[PDB]
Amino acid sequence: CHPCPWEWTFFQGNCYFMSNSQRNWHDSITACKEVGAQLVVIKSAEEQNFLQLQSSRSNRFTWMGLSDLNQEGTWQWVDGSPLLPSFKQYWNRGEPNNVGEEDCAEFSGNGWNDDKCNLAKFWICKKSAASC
């Protein structure tokens, strides 16, 4: 037994899958469900710092489970949870700008950016880590 599956990353009781292939946002949601996970929902500040560092180093635009598709301007996580005011400090400068209609969030550089949901990007899945 292993806390996390092969190629996954462990951090604070959860396993994260950093994809090596690309998908649009909706298909990323499905990809995660197919492996018993969810497109990453950041539930804490320590988690954000950890993920941002890995994403920045990967130098890849990467989807997270956050969108304002249902109501422009109101960002909600895929589990139905609302984005908190304390997490809003993570957007890059000038973001979110909804330029050309951007309703999905991605890790970009050292922060977050909103981009077109139909764009294919890497993604991160999250599921709980097993204890053995």
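In this text, residue numbers run from 1 along the sequence as written.
Please compare 91 to 99 with 29 to 37 and name the stretch with the higher mean C-alpha B-factor in the deposited structure.
Between 91 to 99 and 29 to 37, it is 91 to 99.
Higher mean Cα B-factor in the deposited model: 19 to 27 or 106 to 114?
Higher mean C-alpha B-factor in the PDB entry: 106 to 114.
Please place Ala129 in the lowest, middle or highest third of its chain by C-alpha B factor as given in the entry.
Ranked within chain, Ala129 CA B lands in the middle tercile.
Relative C-alpha B-factor of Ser55, binned into the chain's lowest, middle or highest third
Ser55: CA B-factor falls in the highest third of its chain.
Grab the CA temperature factor for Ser67 from the record and place it in the lowest, middle or highest third of its chain.
Its C-alpha B-factor belongs to the lowest third of this chain's values.
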